[PDB]
Amino acid sequence: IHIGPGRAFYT
Amino acid sequence: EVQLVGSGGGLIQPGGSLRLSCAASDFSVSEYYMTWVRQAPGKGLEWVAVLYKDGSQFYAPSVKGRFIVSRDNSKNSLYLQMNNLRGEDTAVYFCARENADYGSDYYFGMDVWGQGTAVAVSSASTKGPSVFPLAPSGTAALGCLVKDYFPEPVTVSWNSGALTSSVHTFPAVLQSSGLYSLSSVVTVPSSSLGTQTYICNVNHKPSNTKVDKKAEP
Amino acid sequence: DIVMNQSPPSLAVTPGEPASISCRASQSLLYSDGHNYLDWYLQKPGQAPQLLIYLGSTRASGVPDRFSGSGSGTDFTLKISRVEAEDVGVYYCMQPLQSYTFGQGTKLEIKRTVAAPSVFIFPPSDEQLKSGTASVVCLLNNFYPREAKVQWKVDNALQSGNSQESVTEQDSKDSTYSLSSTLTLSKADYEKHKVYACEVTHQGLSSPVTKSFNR
Numbered sequence: 001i002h003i004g005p006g007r008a009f010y011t
Numbered sequence: 001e002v003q004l005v006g007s008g009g010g011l012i013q014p015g016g017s018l019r020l021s022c023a024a025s026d027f028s029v030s031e032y033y034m035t036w037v038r039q040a041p042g043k044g045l046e047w048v049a050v051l052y053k054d055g056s057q058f059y060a061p062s063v064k065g066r067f068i069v070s071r072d073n074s075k076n077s078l079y080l081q082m083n084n085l086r087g088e089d090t091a092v093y094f095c096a097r098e099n100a101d102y103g104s105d106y107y108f109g110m111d112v113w114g115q116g117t118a119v120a121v122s123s124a125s126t127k128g129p130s131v132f133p134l135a136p137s138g139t140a141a142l143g144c145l146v147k148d149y150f151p152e153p154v155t156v157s158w159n160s161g162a163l164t165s166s167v168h169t170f171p172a173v174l175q176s177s178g179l180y181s182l183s184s185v186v187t188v189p190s191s192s193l194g195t196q197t198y199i200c201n202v203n204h205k206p207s208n209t210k211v212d213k214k215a216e217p
Numbered sequence: 001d002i003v004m005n006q007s008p009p010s011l012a013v014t015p016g017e018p019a020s021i022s023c024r025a026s027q028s029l030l031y032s033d034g035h036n037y038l039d040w041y042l043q044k045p046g047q048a049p050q051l052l053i054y055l056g057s058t059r060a061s062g063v064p065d066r067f068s069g070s071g072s073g074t075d076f077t078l079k080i081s082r083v084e085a086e087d088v089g090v091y092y093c094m095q096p097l098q099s100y101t102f103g104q105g106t107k108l109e110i111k112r113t114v115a116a117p118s119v120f121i122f123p124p125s126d127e128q129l130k131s132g133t134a135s136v137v138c139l140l141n142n143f144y145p146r147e148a149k150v151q152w153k154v155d156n157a158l159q160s161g162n163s164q165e166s167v168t169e170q171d172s173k174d175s176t177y178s179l180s181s182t183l184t185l186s187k188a189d190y191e192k193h194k195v196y197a198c199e200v201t202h203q204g205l206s207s208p209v210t211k212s213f214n215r
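Structural data, given as structure tokens:
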């Protein structure tokens with residue numbers, strides 16, 4: 001669900 | 001009290017590796033997103049690494065594949081394994097608790113930060129400081145001279161933290177010798193001169209030196 | 001690759017006056033969740049950053065009323081309604097949306113009346129002379145503004161490239177500065193003379209000031 005660092009990369 | 005206290009760090013030769021520690025209080029490091037933010041000398045704030053409760057890890061491009069964020073559920077600690085260190089890495093490292101779970105909607109900023117531990121990448125060996133007294137004679141001033149050390153930082157206090165107000169510890173100055181040097185001063189009443197013990201406690205972490213000097217008239 | 005641009009780098013404010021720092025993002029820190037993801041942090045000199053405002057506009061637990069964050073989309077503004085002497089430090093803005101990036105920072109300075117330095121001069125310690133070096137140290141304590149001339153004169157004859165200074169950060173109680181200048185000599189040269197003097201010019205002094213001693 002965490003594709004990267006930051007809020008913008010949460011599915 | 002809720003806090004982060006970090007440790008480790010110090011002087012470390014280029015290429016070498018080094019582990020920064022950081023331990024929580026009154027909350028679980030396994031139950032929050034955690035971040036490592038550094039700050040190069042004089043320069044500003046740079047994010048370095050994040051470890052999500054939701055298992056995962058991601059790194060700033062500048063370091064990725066050299067640093068590692070681990071936690072320890074039993075030791076309640078956050079760790080930053082730093083491998084193959086370039087001079088570009090020497091800075092002050094802050095671990096911080098990002099009080100947020102993107103799972104739910106909520107977010108509450110970098111809630112808690114650590115005091116910040118210093119890392120110095122360098123070829124050169126350590127050197128601990130000479131401490132010398134700055135001696136006085138309404139009100140008067142006395143102090144300590146902390147000469148010829150490396151690397152920064154060095155921590156100065158008076159009467160083991162007791163004496164704070166009227167105290168001024170100056171920024172270190174770079175000497176022609178490659179070695180840092182600073183002075184720390186206090187202004188006190190000329191009357192308590194003849195009757196009050198003024199000792200300054202100099203502590204230079206990476207050289208394992210630790211000095212308490214009695215400044216007197 | 002979100003980039004933040006802070007304005008201005010520095011600004012001086014009198015306590016009571018309002019201040020206002022600006023942050024400008026490369027993209028919109030507005031997320032589809034109906035929120036603005038931008039923070040404001042204070043880094044008081046030699047401390048860890050402390051949170052002021054999260055979610056663009058929400059002040060954290062403990063932060064004083066006087067701090068308020070506004071803005072939306074890509075333009076943002078931290079505002080202190082009434083500055084205090086202790087609001088001095090560096091203010092950074094951070095976005096936690098695409099990676100984690102910070103503004104260049106903004107140095108807030110306090111304005112206050114002229115304050116003249118009280119001056120102290122320190123002859124080298126016997127302890128240090130027994131090591132072949134001699135440091136003559138000069139203190140300028142609690143003055144404003146920050147600029148000050150410190151001129152060393154040995155046997156009334158001034159030096160050059162011989163001393164070096166260091167200045168404290170602005171104090172958070174009385175918004176003052178303090179200053180250390182250090183005349184470094186060989187033990188050799190130090191014995192060759194008898195009167196050492198420290199001559200400071202500063203805005204709060206009508207005429208210059210000297211403190212000196214004898215071997």
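Protein chains in written order, with our numbering: chain U, 1 to 11; chain W, 1 to 217; chain C, 1 to 215. A virtual CB, placed ideally from N, CA and C, is assigned to each residue, including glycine.
Taking a 10 Å sphere around the C-beta of residue 31 of chain C, we find fewer than 16 other C-beta atoms and assign the residue as exposed.
Listed along chain W are 141, 168, 185 and 187, each with a C-beta nearer than 8 angstroms to that of residue 141 of chain C.
Judged by DSSP in its simplified three-state form, residue 49 of chain W adopts strand.
Taking a beta-carbon distance threshold of 8 angstroms, residue 110 of chain W counts as an interface residue toward chain C.
Distance from the Cα of residue 183 of chain C is smallest, within the candidate group C:199, C:168 and C:177, for C:199. With fewer than 16 other beta carbons inside 10 angstroms of its own, residue 26 of chain W counts as exposed. Scanning its chain for C-beta atoms nearer than 6 angstroms, with the 5 sequence neighbours on each side dropped, one finds around residue 203 of chain W the residues 155 and 210, in chain order. Under the Cβ distance rule, residue 214 of chain W does not count among the residues neighbouring chain C, no pair being separated by less than 8 angstroms. In this structure, W:152 is the residue among W:152, W:182 and W:77 with its C-alpha nearest to the C-alpha of residue 91 of chain W. The three-state secondary structure of residue 206 of chain W, taken from DSSP, is helix.
With a contact defined as Cβ atoms closer than 8 angstroms, residue 18 of chain C and residue 82 of chain C qualify at about 7 angstroms.
For residue 41 of chain C, the enclosing beta strand (DSSP E) begins and ends at 39-43. Spatial neighbours of residue 3 of chain U in its own chain (CB-CB distance under 7 angstroms, excluding positions within 5 residues in sequence) are listed in chain order as 9 and 11.
Using beta-carbon distances, residue 49 of chain C counts as an interface residue toward chain W, with a partner under 8 angstroms.
At a beta-carbon threshold of 7 angstroms, none of the residues of chain U lie near residue 54 of chain C; the nearest stands roughly 11 angstroms away. No Cβ-Cβ contact shorter than 8 angstroms links residue 11 of chain W with residue 190 of chain W. Per DSSP, the unbroken beta strand (DSSP E) holding residue 98 of chain W starts and ends at 91-100. Between residue 135 of chain W and chain C, the shortest Cβ-Cβ separation is below 8 angstroms. Non-local C-beta neighbours of residue 9 of chain W in its own chain, meaning closer than 7 angstroms and more than five positions away in sequence, comprise 18, 20, 93, 117, 118 and 119, ordered along the chain.
Against chain U, the beta carbon of residue 107 of chain W has neighbours under 9 angstroms at 7, listed in chain order.
Sequence-distant partners of residue 106 of chain C (beyond 5 residues in either direction) whose C-beta falls short of 6 angstroms from its own C-beta, in its chain, are 6, 21 and 91.
For residue 125 of chain C, the nearest beta carbon of chain W is closer than 8 angstroms to its own beta carbon. Under the three-state reduction of DSSP, residue 215 of chain W is assigned to coil, being neither helix nor strand. At a cut-off of 8 angstroms between beta-carbon atoms, residue 168 of chain C makes contact with chain W.
Note that the C-beta distance between residue 135 of chain W and residue 125 of chain C is below 8 angstroms. Per DSSP, reduced to three states, the secondary structure at residue 24 of chain C is strand. In this structure, DSSP gives residue 79 of chain W an extended state, which the three-state scheme calls strand. When the Cα atoms are used, residue 137 of chain W and residue 217 of chain W turn out to be separated by approximately 6 angstroms.
Using a CB distance cut-off of 8 angstroms, residue 159 of chain C does not count as an interface residue toward chain U.
Judged by pairs of C-beta atoms under 8 angstroms, the stretch 2-16 of chain C touches the stretch 94-102 of chain C, as three or more such pairs exist. At a C-beta separation below 8 angstroms, residue 56 of chain W has these neighbours in chain U: 2.
Per DSSP, reduced to three states, the secondary structure at residue 179 of chain C is strand.
With the criterion set as a beta carbon lying under 7 angstroms from some beta carbon of chain U, the stretch 138-165 of chain W has no members that meet it. Between residue 37 of chain C and chain U, the shortest Cβ-Cβ separation is below 8 angstroms.
The secondary-structure analysis by DSSP pairs residue 19 of chain W across a beta bridge with W:81.
Distance between residue 142 of chain W and residue 98 of chain W, taken at the CA atoms: about 43 angstroms.
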